[PDB]
Structures are given as C-alpha cells and as structure tokens.
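All remarks here apply to the structure that follows.
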Amino acid sequence: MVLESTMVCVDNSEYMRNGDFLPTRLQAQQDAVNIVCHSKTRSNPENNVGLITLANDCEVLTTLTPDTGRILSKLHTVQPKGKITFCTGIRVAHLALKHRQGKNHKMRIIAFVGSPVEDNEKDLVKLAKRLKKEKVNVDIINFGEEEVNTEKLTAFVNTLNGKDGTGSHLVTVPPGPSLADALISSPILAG
Amino acid sequence: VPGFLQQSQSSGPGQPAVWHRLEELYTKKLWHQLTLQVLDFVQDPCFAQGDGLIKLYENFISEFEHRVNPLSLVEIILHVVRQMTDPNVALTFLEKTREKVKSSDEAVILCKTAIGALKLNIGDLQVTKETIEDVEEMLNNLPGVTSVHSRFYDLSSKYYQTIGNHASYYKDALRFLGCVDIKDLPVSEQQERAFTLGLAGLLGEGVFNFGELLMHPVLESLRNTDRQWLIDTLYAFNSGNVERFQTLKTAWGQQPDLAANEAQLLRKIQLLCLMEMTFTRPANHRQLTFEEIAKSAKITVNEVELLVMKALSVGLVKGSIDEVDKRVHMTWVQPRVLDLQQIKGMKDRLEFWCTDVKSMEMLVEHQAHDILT
C-alpha cells in the first residue's frame with residue numbers, strides 16, 4: 001500500500017451554503033469527505049487524516065488521526081461563513097505534516113476551493129516551486145463556483161508537479177446540478 | 001412553475017437578459033447565484049410587483065432548501081413591504097419567516113430589527129422598546145456580522161423621536177458611528193444628519209461631557225460640508241468656551257427647540273471654563289477670584305454660588321469655595337480632548353518636570369553614593 005498522510009481541507013467559505021451539489025454543499029462536501037475517508041480505510045489503516053478550516057483563520061480542532069469518527073462529527077454545524085483564504089492554506093497541511101512522528105509517510109494535501117479567489121499568477125508559481133523543493137504532491141479538486149475554466153488553480157496544479165511527477169491533477173467541476181458522489185468520480189479514480 | 005417566470009420574463013428593456021440566467025439558476029440548483037441575482041433585482045429599484053409575486057415561490061424556496069441564511073430573506077421582504085404598504089399583514093409574514101427559519105446564525109437579530117422597522121407606523125413609544133431591547137440581548141453574542149447593528153440603530157433612533165432624551169440620541173449615535181466604518185450612503189444625507197446631531201446632542205444636557213469623541217474623523221468629514229457656523233459654535237462646547245458670540249450663533253440660525261435650552265446652554269459654557277482655566281494654565285494659582293469668574297463666565301456675584309457648586313455635583317471640579325474673600329478654590333481638574341498647541345504646551349511643562357527632577361536627582365546620586373558604596 002502507498003504510505004502518506006492525507007490532510008483534507010473542508011471549505012467554510014460563504015459560497016458553500018447553496019445546493020448546486022445535491023442536496024446541499026454542506027452535506028455534499030460531507031459526502032465528499034465520506035468517500036475519501038472510507039477509501040483510505042479500504043487503502044491503508046496507517047493513514048491519518050485530519051481536517052482544517054480554510055476560510056476566516058485556520059484552526060484545527062481534530063488532531064491528525066486515522067480514525068475519521070471525529071472528522072464526521074465536525075462536518076456537522078461547521079457554519080460555512082467567512083472569506084476564502086488560499087495562500088495560507090497550502091502549508092497549513094504541511095505544518096501539520098512537519099508535526100508527524102513517522103517520516104516514512106509522504107506529504108499529500110487535498111483542498112476544496114468553492115469560491116473565487118483574488119490571486120496573481122506570480123503568487124501561485126512561488127508556492128508551486130516551493131512544494132517542488134518540499135516534494136509535496138497536492139491534489140486539488142475544484143468545487144463551487146470560480147473563474148470559468150479555472151486558470152490560476154490550474155496553473156497552480158500544473159506548475160506544482162513535473163517529470164513526471166505523478167503527481168498533481170486538477171479536475172474542473174461543471175456549474176450544473178449533480179450529486180457529490182458524481183463529482184469525485186473522476187478525481188478519486190485518477191488523482 | 002417554470003411558466004411563472006416566463007410571463008414575468010420581460011418587464012422592459014434589459015430585464016430579460018438577466019432573467020434568462022435566473023431560470024437556469026434554480027434548474028442548476030445553485031442558490032448563491034440565485035441569491036445574489038435576486039438580491040441584484042432587490043438592489044435594482046422596482047415598484048415592486050416583481051418581488052411581490054415571487055415572494056410566494058421564494059417562500060417555497062426557503063422551505064426545501066432550508067439552508068440559505070435569512071439575511072437574504074430579510075433584504076428581499078423589505079423591498080416587498082414597500083409594495084404591500086401594510087405593516088400588519090407583513091409582520092405576520094415577518095414572524096412567519098422567523099419561526100420557520102432556525103440556523104446557527106441568529107434569525108432573531110435580523111427579524112427583530114425588521115419588526116421594529118415596520119413598527120414605525122404603530123407609531124412608536126408603546127411596544128417598540130420591548131422589541132428594540134430584545135435585539136442587543138441576542139446580538140450581544142456573537143456580533144460578528146456587525147451590519148445588523150445599523151438596523152438596530154434605526155429603530156433605536158426612531159425611539160428617540162418621541163423626545164425622548166436628546167442626550168441619549170448622541171449616545172445612540174455611538175451605535176451608528178460605531179456600527180459601520182464606511183459611510184456607504186450619500187454625504188448630503190449625513191450633512192443634514194450633523195445638522196440635527198450637533199443641535200440635539202447639545203440640547204439634552206443629560207450627557208455632561210459630550211465633547212470626548214466630537215473630534216472623531218468620520219463625523220468631522222461631515223462637519224466640513226455642514227454649515228460652518230454650527231461647527232464653530234460646536235468648538236465652543238468642544239473647547240471654547242467663550243466665545244460669547246459663537247454660543248449665541250447657534251440661536252441665530254436655528255430658532256426652534258433652543259428656547260428652553262438657551263439659558264441652560266449658557267450654563268454649560270460657564271462650567272466649561274472652570275475646568276479649562278486651571279487646565280490651560282500650569283497654575284497653582286489654584287484658588288480663583290470671583291471677579292475672574294465674573295469676567296470669563298460674565299456672571300453676577302450673587303449667582304457665582306449656584307454656578308461653581310453645581311459643577312461640584314457634575315464632577316468636573318471638587319474644589320470648595322472660599323466665601324470670605326469670595327474666591328472660588330479649585331481641586332483636581334477635568335481634561336477634555338486635546339489640541340496641537342496642547343502637545344507643544346505639554347512638552348514645555350511636562351518634560352520640564354523631567355529635566356528639573358533628574359538634574360537634582362543626580363545630585364542625590366552624586367553625593368550620597370559614597371555613604372552607600
């Protein structure tokens with residue numbers, strides 16, 4: 001089995017309060033957390049998965065643990081209200097990854113961006129190459145609404161990995177009615 | 001259901017262009033773009049018969065969606081009540097939206113501010129303060145939005161219209177000037193706000209100071225566009241004090257409501273000099289002669305008693321009066337605000353205590369360091 005610590009980042013931004021992902025993005029991203037946490041259980045027991053709130057200020061109430069029981073409890077009453085903040089949410093998983101006791105687990109991050117963010121192409125390429133020096137492979141999954149056919153996050157994913165490095169891949173989410181289990185179909189198949 | 005928006009499709013030029021997207025908003029089941037576009041229609045001035053026909057379906061929207069915050073539900077209904085014009089049948093629907101919507105975000109603070117806003121036709125003074133006080137009780141925690149606090153000031157400012165403790169209006173203005181940083185409303189509306197704000201705040205004497213934050217930047221930007229003679233007489237109560245021509249100037253332009261408080265505002269400038277003349281000067285020079293009070297405050301000898309002894313109860317000076325020579329002695333002091341010449345006047349007489357004491361303190365260190373070792 002592949003060894004790594006997957007830190008999933010829930011999206012508390014104010015644009016997660018609608019139902020485009022059925023029935024509602026609160027329960028949809030919950031089901032999106034349900035499918036990733038149950039998949040790691042089918043993958044490796046040693047993988048420990050925490051949660052982090054990106055919007056407003058970053059706070060982690062659940063220590064990194066393989067048990068997803070406390071994670072599923074925090075998915076309720078998450079109160080998705082606040083301003084989305086991206087740049088601070090990249091290393092936010094990496095700092096919890098620098099607190100890992102075992103160093104054999106690879107550094108892997110999955111973040112949920114459901115809101116348009118104001119960012120310059122020079123800011124995302126500096127964080128990209130910074131993760132190249134840190135070897136961290138971050139799989140981002142587009143959620144919510146954002147710049148049509150997202151460029152920044154795509155350039156953030158594309159410039160994040162290279163040769164090969166298998167890798168970081170971004171899947172653009174269509175702005176249409178769908179079930180959250182149908183959104184993750186492509187990303188969970190091929191990261 | 002889709003045919004309901006097709007007959008309301010074209011309301012005029014440019015209306016269908018944004019409505020073609022509106023029908024694809026709920027079919028895609030995205031309720032944010034549907035919230036903002038309806039809010040954009042709510043922001044768009046209308047009669048409005050468009051939001052009044054959809055309020056039945058918007059009511060059905062909140063039912064099965066159950067998520068989207070009532071803040072958007074309150075913003076749309078306040079444009080609808082303008083078409084309804086009847087506060088009675090609307091408050092039954094307003095409380096209906098309060099009981100049907102329960103979320104971690106408080107729905108009572110946004111509804112109670114909407115209840116009192118529609119309560120201006122009741123007209124006021126009876127059941128108002130009950131629903132007004134209920135706002136900040138739930139708003140005490142957690143006032144993170146801070147935007148609803150402006151709606152809390154509205155019904156609180158209209159509660160003052162009964163007159164109504166003028167001194168509380170300037171204190172209620174703190175719930176406005178402190179609710180939101182940026183104006184976000186036409187300054188011409190706020191230049192007629194400081195019109196009555198400076199007057200009424202000066203009228204009611206329940207507030208003894210009233211000059212603490214009168215230098216605040218956001219209100220003084222309004223005081224630049226506001227009538228200049230009203231500000232020059234506000235500086236008389238802000239600093240002043242006399243300035244006998246300016247304290248009369250407020251009775252020149254605005255005649256009404258100042259007739260009862262005229263002789264009273266003539267008293268406030270008389271207690272405003274007692275604190276300043278000892279504050280401006282280094283003194284002491286503490287005990288003061290009655291002729292000096294009879295000069296500045298220009299009051300007769302028989303009335304100096306009531307003057308300075310009333311300041312004893314106000315709390316600006318505790319100094320007892322020496323009635324043999326009729327000289328009024330001062331104790332403590334009341335500081336008010338500050339000026340650019342006050343800092344320069346400070347560095348003169350403040351650091352002078354620093355340079356005089358430390359100079360002779362070295363003399364204590366010099367000679368007496370031998371007996372210590």
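Chain labels run A, B, ... following the order of the structure tokens; each chain numbers its residues from 1, and ligands are numbered from 1 in the order shown.
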
Requested in this report: May I have all residues of range 8-77 of chain A that DSSP, computed from the backbone, assigns to alpha helix (DSSP H), given as a list in words?
Outcome: residues 25, 26, 27, 28, 29, 30, 31, 32, 33, 34, 35, 36, 37, 38, 39, 40, 41, 42, 43, 69, 70, 71, 72, 73 and 74 of chain A

Just-selected residues, N, CA and C atoms written as an mmCIF file, in the first residue's frame:
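Below you can see result-v1.cif, which holds the result:
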```
data_model
loop_
_atom_site.group_PDB
_atom_site.id
_atom_site.type_symbol
_atom_site.label_atom_id
_atom_site.label_comp_id
_atom_site.auth_asym_id
_atom_site.auth_seq_id
_atom_site.Cartn_x
_atom_site.Cartn_y
_atom_site.Cartn_z
ATOM 1 N N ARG A 25 -24.214 21.763 -0.498
ATOM 2 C CA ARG A 25 -22.764 21.625 -0.420
ATOM 3 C C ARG A 25 -22.283 21.268 0.980
ATOM 4 N N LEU A 26 -23.021 21.655 2.023
ATOM 5 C CA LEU A 26 -22.666 21.240 3.377
ATOM 6 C C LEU A 26 -22.726 19.722 3.507
ATOM 7 N N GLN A 27 -23.837 19.123 3.076
ATOM 8 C CA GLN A 27 -23.942 17.670 3.061
ATOM 9 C C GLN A 27 -23.213 17.060 1.872
ATOM 10 N N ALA A 28 -23.041 17.817 0.785
ATOM 11 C CA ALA A 28 -22.309 17.301 -0.367
ATOM 12 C C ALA A 28 -20.828 17.147 -0.048
ATOM 13 N N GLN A 29 -20.197 18.202 0.476
ATOM 14 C CA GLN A 29 -18.804 18.079 0.888
ATOM 15 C C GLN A 29 -18.660 17.101 2.044
ATOM 16 N N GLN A 30 -19.710 16.951 2.857
ATOM 17 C CA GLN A 30 -19.732 15.876 3.843
ATOM 18 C C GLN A 30 -19.650 14.517 3.160
ATOM 19 N N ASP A 31 -20.483 14.295 2.141
ATOM 20 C CA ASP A 31 -20.394 13.066 1.361
ATOM 21 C C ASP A 31 -19.075 12.993 0.603
ATOM 22 N N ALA A 32 -18.505 14.148 0.250
ATOM 23 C CA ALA A 32 -17.187 14.157 -0.376
ATOM 24 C C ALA A 32 -16.105 13.793 0.633
ATOM 25 N N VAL A 33 -16.318 14.128 1.908
ATOM 26 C CA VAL A 33 -15.407 13.673 2.953
ATOM 27 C C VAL A 33 -15.696 12.218 3.306
ATOM 28 N N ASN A 34 -16.954 11.793 3.165
ATOM 29 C CA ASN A 34 -17.307 10.404 3.449
ATOM 30 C C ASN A 34 -16.595 9.446 2.501
ATOM 31 N N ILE A 35 -16.468 9.827 1.229
ATOM 32 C CA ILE A 35 -15.928 8.896 0.240
ATOM 33 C C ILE A 35 -14.407 8.837 0.322
ATOM 34 N N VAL A 36 -13.763 9.930 0.738
ATOM 35 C CA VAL A 36 -12.306 9.918 0.846
ATOM 36 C C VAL A 36 -11.867 9.219 2.129
ATOM 37 N N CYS A 37 -12.644 9.369 3.206
ATOM 38 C CA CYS A 37 -12.258 8.759 4.474
ATOM 39 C C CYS A 37 -12.501 7.256 4.452
ATOM 40 N N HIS A 38 -13.599 6.826 3.823
ATOM 41 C CA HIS A 38 -13.861 5.397 3.699
ATOM 42 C C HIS A 38 -12.931 4.742 2.685
ATOM 43 N N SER A 39 -12.412 5.517 1.728
ATOM 44 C CA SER A 39 -11.464 4.964 0.768
ATOM 45 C C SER A 39 -10.104 4.712 1.403
ATOM 46 N N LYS A 40 -9.640 5.627 2.260
ATOM 47 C CA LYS A 40 -8.383 5.405 2.964
ATOM 48 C C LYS A 40 -8.490 4.223 3.918
ATOM 49 N N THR A 41 -9.686 3.988 4.468
ATOM 50 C CA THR A 41 -9.900 2.796 5.283
ATOM 51 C C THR A 41 -9.743 1.533 4.446
ATOM 52 N N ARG A 42 -10.215 1.567 3.197
ATOM 53 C CA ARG A 42 -10.016 0.432 2.302
ATOM 54 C C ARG A 42 -8.585 0.370 1.785
ATOM 55 N N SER A 43 -7.827 1.457 1.922
ATOM 56 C CA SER A 43 -6.472 1.509 1.382
ATOM 57 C C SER A 43 -5.446 1.091 2.427
ATOM 58 N N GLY A 69 -13.937 9.175 12.778
ATOM 59 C CA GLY A 69 -15.113 9.402 13.595
ATOM 60 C C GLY A 69 -15.272 10.832 14.068
ATOM 61 N N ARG A 70 -14.175 11.439 14.525
ATOM 62 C CA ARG A 70 -14.228 12.829 14.968
ATOM 63 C C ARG A 70 -14.344 13.774 13.778
ATOM 64 N N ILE A 71 -13.843 13.345 12.618
ATOM 65 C CA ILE A 71 -13.940 14.166 11.413
ATOM 66 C C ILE A 71 -15.390 14.272 10.958
ATOM 67 N N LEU A 72 -16.113 13.148 10.979
ATOM 68 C CA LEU A 72 -17.510 13.161 10.557
ATOM 69 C C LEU A 72 -18.379 13.968 11.512
ATOM 70 N N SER A 73 -17.967 14.079 12.778
ATOM 71 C CA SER A 73 -18.728 14.880 13.730
ATOM 72 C C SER A 73 -18.551 16.372 13.478
ATOM 73 N N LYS A 74 -17.339 16.802 13.119
ATOM 74 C CA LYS A 74 -17.093 18.209 12.830
ATOM 75 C C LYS A 74 -17.689 18.649 11.500
#
```

Report task. Determine the nearest neighbour of residue 97 in chain A from the options A:191, A:114, A:23, A:50, counting only C-alpha atoms. Result -> A:50

Chain A near chain B within 7 Å: what's each residue's closest atom pair and its distance in Å to one decimal, counting only C-alpha atoms, ordered by chain then ascending residue number, as a tab-separated table?
```
residue	atom	partner	partner_atom	distance
A:15	CA	B:32	CA	6.6
A:17	CA	B:68	CA	6.1
A:18	CA	B:31	CA	4.7
A:19	CA	B:30	CA	5.5
A:20	CA	B:30	CA	4.1
A:176	CA	B:28	CA	4.9
A:177	CA	B:28	CA	4.6
```

Limited to C-alpha atoms, could you put the picked residues into a file as a short mmCIF file (atom, residue, chain, number, x, y, z; two decimals), in the first residue's frame?
```cif
data_model
loop_
_atom_site.label_atom_id
_atom_site.label_comp_id
_atom_site.auth_asym_id
_atom_site.auth_seq_id
_atom_site.Cartn_x
_atom_site.Cartn_y
_atom_site.Cartn_z
CA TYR A 15 -20.24 30.24 -1.23
CA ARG A 17 -24.08 27.46 1.55
CA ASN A 18 -26.06 26.61 -1.62
CA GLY A 19 -27.32 23.32 -3.02
CA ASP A 20 -25.83 23.06 -6.53
CA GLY A 176 -24.54 22.23 -13.10
CA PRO A 177 -26.76 20.09 -10.86
#
```

**Report entry** Non-local contacts of residue 56 in chain A (12 Å; only C-alpha atoms; under 5 positions in same chain excluded) as a PyMOL selection string
**Finding:** (chain A and resi 11-14+79-86+88-89) or (chain B and resi 144)

Given the selection you just returned, output its residues as a file containing N, CA and C atoms, formatted as a JSON list (two decimals), in the first residue's frame.
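Full text of again-v7.json as output:
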```json
[["chain", "number", "residue", "atom", "x", "y", "z"],
["A", 11, "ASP", "N", -14.15, 23.30, 3.05],
["A", 11, "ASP", "CA", -14.35, 24.67, 2.57],
["A", 11, "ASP", "C", -15.48, 25.30, 3.37],
["A", 12, "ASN", "N", -15.13, 26.25, 4.24],
["A", 12, "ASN", "CA", -16.09, 27.00, 5.03],
["A", 12, "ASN", "C", -16.45, 28.34, 4.41],
["A", 13, "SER", "N", -16.00, 28.61, 3.18],
["A", 13, "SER", "CA", -16.27, 29.89, 2.55],
["A", 13, "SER", "C", -17.78, 30.09, 2.35],
["A", 14, "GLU", "N", -18.18, 31.36, 2.25],
["A", 14, "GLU", "CA", -19.60, 31.71, 2.24],
["A", 14, "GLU", "C", -20.33, 31.18, 1.02],
["A", 79, "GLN", "N", -20.79, 25.67, 10.10],
["A", 79, "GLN", "CA", -21.08, 27.08, 9.88],
["A", 79, "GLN", "C", -20.19, 27.64, 8.77],
["A", 80, "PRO", "N", -20.47, 27.30, 7.51],
["A", 80, "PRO", "CA", -19.63, 27.81, 6.42],
["A", 80, "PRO", "C", -19.86, 29.29, 6.15],
["A", 81, "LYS", "N", -19.27, 30.15, 6.97],
["A", 81, "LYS", "CA", -19.37, 31.59, 6.83],
["A", 81, "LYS", "C", -17.99, 32.21, 7.03],
["A", 82, "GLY", "N", -17.54, 32.98, 6.05],
["A", 82, "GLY", "CA", -16.25, 33.64, 6.13],
["A", 82, "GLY", "C", -15.70, 33.91, 4.75],
["A", 83, "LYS", "N", -14.54, 34.55, 4.74],
["A", 83, "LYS", "CA", -13.85, 34.89, 3.50],
["A", 83, "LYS", "C", -12.82, 33.82, 3.16],
["A", 84, "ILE", "N", -12.84, 33.36, 1.91],
["A", 84, "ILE", "CA", -11.92, 32.30, 1.49],
["A", 84, "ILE", "C", -10.50, 32.83, 1.46],
["A", 85, "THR", "N", -9.58, 32.06, 2.03],
["A", 85, "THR", "CA", -8.16, 32.39, 2.02],
["A", 85, "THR", "C", -7.37, 31.17, 1.56],
["A", 86, "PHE", "N", -6.66, 31.32, 0.44],
["A", 86, "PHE", "CA", -5.97, 30.21, -0.21],
["A", 86, "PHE", "C", -4.51, 30.12, 0.21],
["A", 88, "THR", "N", -2.58, 30.88, 2.53],
["A", 88, "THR", "CA", -2.25, 30.36, 3.85],
["A", 88, "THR", "C", -2.66, 28.90, 4.02],
["A", 89, "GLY", "N", -3.46, 28.36, 3.10],
["A", 89, "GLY", "CA", -3.96, 27.00, 3.25],
["A", 89, "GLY", "C", -3.15, 25.93, 2.56],
["B", 144, "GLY", "N", -20.67, 39.21, 15.17],
["B", 144, "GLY", "CA", -19.65, 39.09, 14.15],
["B", 144, "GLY", "C", -20.04, 39.76, 12.84]]
```

Query raised in the report: Can you tell me, as number ranges by chain, what residues are no more than 10 Å from residue 165 in chain A when counting only C-alpha atoms, ignoring any on the same chain fewer than 5 positions away?
Result: A: 132, 135, 137, 160

Query raised in the report: Which of range 44-134 of chain A counts as strand (DSSP E or B) under DSSP, as a PyMOL selection string please?
Result: chain A and resi 51-53+106-113

Determine, counting only C-alpha atoms, which protein, DNA and RNA residues have an atom within 12 Å of an atom of residue 130 in chain B; residues of the same chain fewer than 6 positions away are not included. Present the result as a CSV table (one decimal) with C-alpha atoms, in the first residue's frame.
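Just written: out16.csv:
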```
chain,number,residue,atom,x,y,z
B,112,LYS,CA,-36.4,41.9,15.4
B,113,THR,CA,-34.6,44.8,13.5
B,115,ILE,CA,-40.1,44.1,13.1
B,116,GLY,CA,-39.2,47.5,14.7
B,119,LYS,CA,-43.2,49.3,13.6
B,124,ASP,CA,-44.0,54.3,18.4
B,136,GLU,CA,-28.9,43.6,21.5
B,137,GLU,CA,-29.7,40.9,24.1
B,155,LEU,CA,-35.5,51.6,15.3
B,156,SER,CA,-33.4,52.9,18.2
B,159,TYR,CA,-37.5,55.5,19.5
```
